[PDB]
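Q: Sharing a structure here in structure tokens format.
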Amino acid sequence: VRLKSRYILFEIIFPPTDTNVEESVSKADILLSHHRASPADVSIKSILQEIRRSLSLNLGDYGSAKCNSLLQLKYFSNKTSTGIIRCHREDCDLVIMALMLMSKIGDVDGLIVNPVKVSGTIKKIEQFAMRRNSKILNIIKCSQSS
Amino acid sequence: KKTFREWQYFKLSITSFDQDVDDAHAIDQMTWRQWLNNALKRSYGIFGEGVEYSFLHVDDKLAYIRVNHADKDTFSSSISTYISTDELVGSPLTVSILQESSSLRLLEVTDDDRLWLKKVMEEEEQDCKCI
Amino acid sequence: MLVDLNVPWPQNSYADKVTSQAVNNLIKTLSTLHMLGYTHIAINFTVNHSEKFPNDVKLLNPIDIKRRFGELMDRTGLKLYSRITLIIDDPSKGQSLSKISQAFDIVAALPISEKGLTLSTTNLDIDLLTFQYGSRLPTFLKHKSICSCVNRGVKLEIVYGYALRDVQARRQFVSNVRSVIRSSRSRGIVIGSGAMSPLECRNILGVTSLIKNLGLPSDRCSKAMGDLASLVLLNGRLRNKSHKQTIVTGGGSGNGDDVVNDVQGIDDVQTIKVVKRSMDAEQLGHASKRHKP
Amino acid sequence: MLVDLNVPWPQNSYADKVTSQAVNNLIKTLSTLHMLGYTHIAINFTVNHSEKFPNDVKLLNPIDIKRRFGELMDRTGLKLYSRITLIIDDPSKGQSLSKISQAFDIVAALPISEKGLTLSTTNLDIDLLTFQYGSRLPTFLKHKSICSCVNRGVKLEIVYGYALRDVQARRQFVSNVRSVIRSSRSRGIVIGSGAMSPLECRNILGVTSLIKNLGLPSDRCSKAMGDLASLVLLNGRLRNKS
Amino acid sequence: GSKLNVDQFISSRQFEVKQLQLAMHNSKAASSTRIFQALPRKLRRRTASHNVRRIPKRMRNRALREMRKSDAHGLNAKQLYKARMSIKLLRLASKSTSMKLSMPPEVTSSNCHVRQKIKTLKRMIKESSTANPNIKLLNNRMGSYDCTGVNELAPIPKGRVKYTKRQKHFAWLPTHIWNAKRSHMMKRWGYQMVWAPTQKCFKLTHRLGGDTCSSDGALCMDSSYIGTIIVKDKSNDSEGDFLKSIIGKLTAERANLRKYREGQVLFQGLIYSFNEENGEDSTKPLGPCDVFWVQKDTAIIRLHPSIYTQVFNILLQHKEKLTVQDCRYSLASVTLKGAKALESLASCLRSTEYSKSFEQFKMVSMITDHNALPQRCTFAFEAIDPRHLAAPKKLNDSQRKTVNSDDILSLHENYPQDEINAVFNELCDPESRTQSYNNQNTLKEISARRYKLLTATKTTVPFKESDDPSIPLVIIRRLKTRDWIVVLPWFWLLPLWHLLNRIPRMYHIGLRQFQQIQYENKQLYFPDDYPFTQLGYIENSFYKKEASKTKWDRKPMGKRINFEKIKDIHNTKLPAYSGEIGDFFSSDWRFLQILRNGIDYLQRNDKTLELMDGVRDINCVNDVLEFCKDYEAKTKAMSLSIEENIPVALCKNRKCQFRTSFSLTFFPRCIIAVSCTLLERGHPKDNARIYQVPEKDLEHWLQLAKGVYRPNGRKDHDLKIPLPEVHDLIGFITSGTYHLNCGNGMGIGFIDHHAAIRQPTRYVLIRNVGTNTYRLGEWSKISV
RNA sequence: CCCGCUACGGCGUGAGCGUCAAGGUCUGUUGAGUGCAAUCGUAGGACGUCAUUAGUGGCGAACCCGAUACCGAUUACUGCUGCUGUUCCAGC
RNA sequence: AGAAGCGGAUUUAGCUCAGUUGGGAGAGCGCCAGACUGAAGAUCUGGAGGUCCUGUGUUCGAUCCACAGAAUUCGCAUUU
Ligand SMILES: [Mg+2]
Ligand SMILES: [Mg+2]
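Protein chains in written order, with PDB author numbering: chain E, 2 to 147; chain H, 3 to 133; chain J, 1 to 293; chain I, 1 to 242; chain B, 54 to 124, 139 to 524, 530 to 685, 696 to 742, 752 to 875.
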């Protein structure tokens with residue numbers, strides 16, 4: 002006997018809103034300009050407290066009651082700004098739509114959230130994340146060598 | 003070779019005790035909409051507030067509410083969830099959902115508004131069958 | 001037929017005395033449950049595990065079905081059962097269970113810790129398992145333990161009236177109920193209304209929609225109120241009045257007298273039921289060949 | 001491969017000159033679109049029906065994909081299409097389609113009127129119908145006016161970029177989109193991103209979840225976003241070339 | 054948010070990848086698993102928790118320490148003697164088969180008494196004690212004898228005294244218990260051959276024994292069921308005059324080549340049963356055949372066991388001059404397949420003499436390739452008993468690391484005919500195979516010899537020309553099935569067979585796995601992929617029809633697919649007919665040939681064919707279909723065993739020019764064998780219908796073959812597929828399995844040659860069972 | 001162990017072989033093969049059962065769910081089939 | 001809420017646990033009462049308190065023995 006809970010990978014991307022500053026047009030350069038850094042006051046509990054407030058103000062209470070049954074952040078590190086949220090397979094739609102409507106953190110505004118990978122296991126999501134980061138290193142190395 | 007469910011009717015009956023309140027207070031039509039938006043705002047959010055519902059054949063604490071099929075229970079779980087408080091009535095009220103049907107056939111009184119609603123529905127069903 | 005088996009009594013300790021306002025409030029909410037429609041009501045009473053219990057026989061029952069509810073019954077036309085939810089937390093202090101069980105009709109439990117939950121399903125003869133839906137769940141239930149407990153008897157119970165109390169409690173309630181439905185394999189689910197007021201009452205078709213939105217199907221919900229609700233009543237009703245489901249003092253008439261349906265026609269003093277001479281060995285043959293009845 | 005076809009051009013009237021900040025903002029938001037991952041880009045421009053159309057051939061389009069975006073087309077690895085949404089309310093100062101369809105690629109309309117919906121379904125050979133999801137519903141959507149128009153080939157468009165504007169606008173957005181879903185019979189629904197800033201762009205996984213919870217199934221949504229989008233692109237392309 | 058440098062970015066992301074990899078490895082290490090689960094899934098032992106000896110010796114110490122961390140009966144007066152009777156019989160049988168002598172026939176039959184067996188085994192020891200003559204004294208210690216029947220068929224073998232009544236109805240393989248511990252067997256014929264391995268080996272045998280390049284292994288099939296006969300000309304000591312005639316009578320002029328006389332290669336082909344009573348010759352398709360010759364005159368012929376009984380009956384009918392030799396329990400071959408099968412086979416054997424065939428086979432064993440070698444590769448030599456080694460070891464010389472085709476041509480020029488054919492003459496004669504058992508030892512004896520070498524002197533037992541059993545050993549290539557078969561005497565096979573898969577890259581084959589191997593190499597199989605022949609049609613049709621009918625009447629109503637009410641099957645749905653073509657089960661070649669003769673009668677009646685409206699006037703399709711349904715309803719009451727219905731065309735097209752009274756089915760219809768590959772989405776299944784491309788819709792299927800799809804970017808087939816008529820059927824796919832070596836679907840079909848010369852293009856559509864979609868494909872001719 | 005340099009045991013290559021050791025690895029994994037444990041969502045058509053006010057609506061489940069594979073036996077539920085036992089009702 | 005598969009141990013009063021030629025159903029703690037103290041604790045005495053996990057069958061008789069159906073719980077180089 003086991004439980005069939007799905008995990009969702011998300012990444013915090015900062016859009017470079019600079020109206021007076023010029024821009025360079027390339028692939029890995031705009032990957033550098035979007036994958037810059039996470040700010041100082043970002044942790045597991047801060048992202049959980051923000052997403053529960055977004056779940057309250059956006060989806061309500063009983064929808065928040067269905068979502069908050071197994072709403073946990075299993076793995077997150079601020080150095081790469083990628084996180085894995087555990088959820089049910091039925092309310093995965095609700096969790097992804099809550100991840101979409103994330104507007105701003107209470108400390109830092111001007112950011113979007115990208116839900117990338119959903120699977121019922123975390124080990125294949127880690128294997129996909131290593132391969133996706135390997136492809137990012139490939140693009141960076143191709144633009145760095147030439 | 004099938005029929006798409008357009009929406010579903012819901013038969014509500016506000017059971018109100020404390021007979022002084024039932025004799026004094028009289029719920030008007032705007033209070034129905036305000037209380038249903040408050041009920042869909044307390045337990046649900048914006049997407050639960052944007053549930054399509056209109057008012058049909060409103061009587062004295064008696065309501066027929068049409069709600070789309072794909073969010074049927076999404077309506078009828080919230081109606082049995084929220085309790086009225088602090089909205090122009092001193093006492094809270096109870097809600098009894100009497101019957102549910104998806105085939106237009108309910109018999110309340112021999113009133114003539116139901117035949118008019120059936121004709122309005124058939125004027126759309128003929129356009130759905132032809133076009 | 002509908003069974004509402006978790007209506008609470010406004011008393012927690014034996015030292016406290018119930019005022020007349022709470023009794024009139026219970027009369028009004030029983031009139032409310034009679035107004036729209038229900039068939040059976042089993043009122044609940046909370047008992048902690050480490051309290052100082054009285055060594056009495058006719059004072060373990062602060063319910064009084066005979067004097068006040070016997071007067072309410074004639075204008076009502078329903079019946080009331082009495083029950084104890086054992087709030088068992090630690091294996092430190094206990095009780096004499098043979099008196100508390102045989103006092104009322106239904107015996108329930110309320111675990112807080114690990115070992116109590118195991119010894120309740122293992123050794124303690126109860127009828128229903130209730131968890132604290134208002135607070136955090138004690139442990140997360142194993143499938144083969146709950147399945148074996150349902151195969152032994154005792155079913156799990158969901159209190160949909162506890163979500164109507166507060167705003168914050170709804171999230172913990174749904175997080176407990178989805179775990180109960182997951183680990184119970186949808187066999188032992190009995191639902192009840194924990195309302196303290198007539199202002200929190202619901203109808204059958206709204207409670208069915210609540211059970212739909214929680215995660216359990218609709219036909220299985222109505223089957224849980226028809227089959228599963230009235231059988232666990234009969235379990236405790238035969239266990240505490242009669243022997244351990246062996247020989248019953250309940251008269252088997254055609255369609256009016258029953259152990260469940262005919263409570264008032266049974267003398268609730270000790271066991272007995274006074275029935276007139278309906279059985280004559282002299283001149284009564286087959287049922288289809290009689291002429292006097 | 002995905003098609004995003006509802007990015008607005010920061011200009012409303014031909015008398016207003018586009019500043020240098022708006023061009024950089026459009027470059028930033030289209031690079032944000034390519035960052036999250038999209039193949040086709042069809043940027044939109046708003047034209048009022050009360051506005052007097054110019055009698056020109058090579059000056060109908062103030063977009064200039066070739067001189068400005070022709071470098072980003074080579075560097076980034078995408079392409080741009082041009083399209084016009086027509087804010088039509090009353091049948092006056094108009095009825096010209098043979099010239100605006102040749103210059104631009106996709107012809108869309110924005111009816112807010114009761115007779116405007118009828119004149120859009122009757123005598124406008126357009127590609128997409130757009131409703132104002134920001135403001136209120138015009139009168140009422142019925143199956144009779146929608147089903148006669150979807151079967152002709154015109155698709156109904158939902159703008160998921162207008163939802164990230166205000167808090168109060170989200171309720172009217174859901175009340176409009178669910179009405180479009182129940183009136184559309186889940187067939188002719190093309191969705192697009194109406195973002196004016198790079199802070200309001202999303203990816204396929206969140207938008208699919210949005211349109212799934214608003215009332216369109218997962219088959220029809222993804223099948224639409226691929227097939228119907230890339231079909232109306234060649235509809236505009238064959239109205240141009242042939 | 055703040056912009057960072059490039060090197061800091063790639064360093065942080067590389068450290069994050071390293072941290073995620075270390076976290077995944079730490080989670081895999083912190084997951085509480087036993088070292089019992091550390092073994093691969095092929096080698097996992099369930100009883101290894103009980104005793105530690107299943108576990109590898111490196112891991113057994115950890116198994117012992119974690120097992121320590123985790124932690139003469141009542142018998143009556145009669146059944147005691149009933150148990151002691153078996154023990155005394157086993158002891159006396161062991162002593163009798165071990166000491167000097169052979170087996171009496173009364174113990175072999177085992178249908179009279181057991182006390183007579185005890186008295187006979189007591190009497191033989193006393194007769195050996197009191198006298199030297201009157202003893203059928205053997206030549207070895209192990210109970211090996213010579214089960215060779217001259218001029219008659221071989222009877223039920225003697226085997227072992229304990230396992231005798233277990234051989235009462237069906238006989239056994241020499242590796243019966245060994246294969247029984249490791250495989251699933253089915254009882255179909257008089258033997259009990261393997262059917263499928265216990266562990267799942269579909270993709271495993273597909274990749275290791277298949278035609279795929281990544282085939283790092285070896286696959287072994289116990290093919291002792293394939294029966295051989297040896298024929299020699301007794302009439303003349305000179306050149307064989309009657310041999311070429313009897314080969315031209317048994318087979319066609321297809322396997323009677325002068326090239327096969329000169330180069331003496333084995334050929335596998337199609338044999339057909341002849342019958343000449345008085346001035347008339349009736350030929351029926353019989354089955355497969357393997358023919359091999361020794362330089363001019365003596366021949367071994369090996370094939371399917373029921374076909375073996377029929378060929379032996381026909382050969383015993385005309386047995387006037389030549390002497391026949393039945394070999395069912397004295398000679399058998401096993402089949403190796405793969406890339407490293409030759410290396411494991413050369414690992415299993417060693418040399419006893421420096422000869423040329425050893426050098427040829429040792430150079431063949433190193434190239435790790437099959438098809439680069441020529442058509443003839445038939446090597447034979449004398450070798451040692453493989454019980455001397457009892458260890459997985461390979462022997463390879465230096466050879467300067469060079470492999471070219473020049474050395475292969477050099478071995479093709481010089482072929483040692485004399486010694487190889489002398490080994491052939493040793494294996495054909497019953498005297499030399501009996502002389503081979505003159506020094507067979509017990510496992511105790513070879514263990515004692517290994518102990519003597521360990522005491523005196530390496531892991532070997534040396535060869536002695538006086539007292540060691542030099543065996544004949546023959547390894548030959550089989551061409552079309554792409555596999556190496558090695559033949560050996562019956563009691564010698566198991567000492568060779570046990571040492572084979574102790575090489576750690578060698579697995580065993582089941583009969584379903586052999587069918588998969590024949591399916592992968594575009595080859596054919598006799599019980600399944602031969603419907604044209606008599607026995608194949610009878611067995612396939614009867615067993616699959618009865619099995620599928622039992623399964624169909626076995627399933628309840630409303631859970632299985634309902635064959636009776638299927639709408640939209642063909643255009644212009646014909647009256648009194650709502651179901652699928654023929655019966656829904658196994659291939660109705662009778663229906664196909666009656667419909668083909670009906671369309672032929674319509675073409676002979678008029679230039680065009682009409683669609684719809696004692697034998698009624700045939701003018702359209704449904705009059706033929708009602709006659710088909712009536713003939714099926716008549717043959718459901720009485721079974722058909724009169725004649726065949728569909729022969730092949732590939733023997734008829736070359737010479738007979740495929741030339742074809753109120754007749755509807757007297758003259759049968761001939762077919763060619765095709766293999767069609769799916770170009771459209773989908774996979775075929777068993778009993779699949781094969782239809783023509785329509786001539787009005789040919790350009791549409793040509794456009795679908797080139798390309799047409801929706802403007803999204805991915806392939807589209809959700810279009811209005813035009814339905815052709817009912818009579819456009821041309822064939823049946825018997826074997827349908829998703830072909831993994833191509834990435835598409837393969838279907839082995841059989842189409843009419845007249846229909847094949849109708850279309851100018853090879854584009855032919857397929858339709859599955861109970862599925863109303865049509866899938867185009869292209870066929871290639873199977874020349875088997 | 002063979003080749004070249006050097007000559008007291010030495011050194012450099014063969015994507016060579018044999019033995020020994022190592023909690024370095026085992027997706028070396030199986031017409032499903034996971035290991036914080038995937039086995040999905042939707043639309044259309046065919047069939048079965050049940051209820052209808054005009055002809056359609058609901059349902060295809062219950063038990064349960066791999067972790068190396070095999071087979072025997074036991075236990076939980078639905079439907080079909082044969083036998084047996086009991087009760088009730090008549091043909092004379 | 002960290003499965004799956006393997007071995008060992010085990011269920012007896014409210015609790016923690018003994019115990020058994022197979023013939024009595026128990027100890028400590030807890031509850032109540034007695035004794036004692038100005039009062040209370042400790043000590044001491046007595047009483048109340050049983051589904052021996054459930055079922056079959058063996059026997060003259062089951063906590064024990066045999067079988068069947070549940071499970072409790074540890075270990076898998078761990079403190080998640
Ligand atoms: Mg399991
Ligand atoms: Mg198991």
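Beta carbons: idealized from backbone N, C-alpha and C, even for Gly.
Below 9 Å between beta carbons is the criterion; list the residues of the segment 30 to 57 of chain H that meet it against any residue of chain E, in chain order.
A: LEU42, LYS43, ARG44, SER45, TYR46, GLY47, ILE48, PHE49, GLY50 and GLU51
Q: Please check the pair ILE65(J) and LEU80(J), which I expect to be a contact at CB under 8 Å, by giving their CB distance rounded to whole angstroms.
A: Numbered from its first residue, the third sequence carries residue 65(J) at position 65. Numbered from its first residue, the third sequence carries residue 80(J) at position 80. The Cβ separation is near 6 Å, so the contact holds.
Q: Quick check on this structure: which residue in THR139(I), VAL47(I), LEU30(I) and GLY236(I) has the alpha carbon closest to the alpha carbon of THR39(I)?
A: In the fourth sequence, counting from the first residue as 1, residue 39(I) sits at position 39. The shortest Cα separation from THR39(I) among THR139(I), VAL47(I), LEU30(I) and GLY236(I) belongs to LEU30(I).
Q: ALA108(J) and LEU128(J) look like a contact to me (Cβ under 8 Å); what is the Cβ gap, rounded to whole Å?
A: As a first step, residue 108(J) must be located in the third sequence, where it is residue number 108. As a first step, residue 128(J) must be located in the third sequence, where it is residue number 128. At roughly 5 Å, the Cβ-Cβ gap stays under 8 Å, so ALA108(J) and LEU128(J) are in contact.
Q: Name the residue from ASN6(I), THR122(I) and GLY134(I) whose alpha carbon lies nearest to the alpha carbon of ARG152(I).
A: Position 152 of the fourth sequence holds residue 152(I). Among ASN6(I), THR122(I) and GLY134(I), the Cα nearest to that of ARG152(I) is on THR122(I).
Q: Of all Cβ atoms in chain E, is any one closer than 9 Å to the Cβ of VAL207(I)?
A: Reading the fourth sequence from its first residue, position 207 is the one you call residue 207(I). Yes, its Cβ sits closer than 9 Å to a Cβ of chain E.
Q: Pull up the distance between the alpha-carbon of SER57(E) and that of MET837(B), whole angstroms please.
A: If you number the first sequence from 1, residue 57(E) lands on position 56. If you number the fifth sequence from 1, residue 837(B) lands on position 746. Roughly 57 Å between the two C-alpha positions.
Q: Restricting to Cα atoms, I'd like to know which of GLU51(I), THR32(I), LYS28(I) and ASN44(I) is closest to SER13(I).
A: The residue you call residue 13(I) lines up with position 13 of the fourth sequence. For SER13(I), the nearest C-alpha among the options comes from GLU51(I).
Q: Hey, is the segment 150 to 160 of chain B in contact with the segment 109 to 124 of chain B, meaning 3+ C-beta pairs nearer than 8 Å?
A: no
Q: Which of the residues in the segment 75 to 104 of chain H, read from start to end, lie with their CB under 9 Å from any CB of chain E?
A: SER79, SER80 and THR83
Q: Please report whether the beta-carbon of residue 750(B) lies at a distance below 9 Å from any beta-carbon of chain E.
A: For residue 750(B), no position is available: the coordinates of chain B end at 742 and pick up again at 752.
Q: When the Cα atoms are used, what is the spatial distance from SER163(B) to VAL174(B)?
A: In the fifth sequence, the residue the question calls residue 163(B) occupies position 96. In the fifth sequence, the residue the question calls residue 174(B) occupies position 107. Approximately 12 Å, taken between the alpha carbons.
Q: In the DSSP assignment, find the alpha helix (DSSP H) that holds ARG75(J) and state where it starts and stops.
A: The sequence position of residue 75(J) within the third sequence is 75, counting from 1. Segment 69 to 76, the alpha helix (DSSP H) holding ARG75(J).
Q: Please tell me whether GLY804(B) has its Cβ less than 9 Å away from any Cβ of chain I.
A: Along the fifth sequence, read from residue 1 onward, the residue named residue 804(B) stands at position 713. Yes, contact with chain I.
Q: Got a sec, what are the start and stop residues for the beta strand (DSSP E) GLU869(B) sits in?
A: As a working note, residue 869(B) is residue 778 in the fifth sequence. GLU869(B) -> beta strand (DSSP E) spans 866 to 872.
Q: Go ahead and pull the three-state DSSP assignment for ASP129(H).
A: Position 127 of the second sequence, counting from 1, holds the residue named residue 129(H). Residue state, collapsed to three classes: helix.
Q: Quick one: measure Cβ to Cβ for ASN69(E) and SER175(J), integer angstroms, because I've assumed they're closer than 8 Å.
A: Taking the first residue of the first sequence as 1, we reach residue 69(E) at position 68. Taking the first residue of the third sequence as 1, we reach residue 175(J) at position 175. Yes, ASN69(E) and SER175(J) are in contact; Cβ-Cβ is about 6 Å, under 8 Å.
Q: Which residues in the same chain have their Cβ closer than 6 Å to the Cβ of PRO352(B), if we skip the five residues on either side of it in sequence?
A: Mapped onto the fifth sequence, residue 352(B) falls at position 285. Result list for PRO352(B): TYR339, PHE604, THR605 and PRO729, in chain order.
Q: Would you kindly report the start and end of the unbroken alpha helix (DSSP H) that includes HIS479(B)?
A: Residue numbering aside, residue 479(B) sits at position 412 when the fifth sequence is read from its first letter. From DSSP, the alpha helix (DSSP H) with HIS479(B) extends over 472 to 480.
Q: Select from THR5(H), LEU64(H) and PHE12(H) the residue whose C-alpha is nearest the C-alpha of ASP75(H).
A: For the purposes of this step, residue 75(H) is taken as residue 73 along the second sequence, with counting starting at 1. Closest by alpha carbon: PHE12(H).
Q: For the segment 19 to 36 of chain J, which residues have a beta carbon sitting closer than 9 Å to at least one beta carbon of chain H?
A: So the list reads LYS28, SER31, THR32, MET35 and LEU36, given in the order they occur along the chain.
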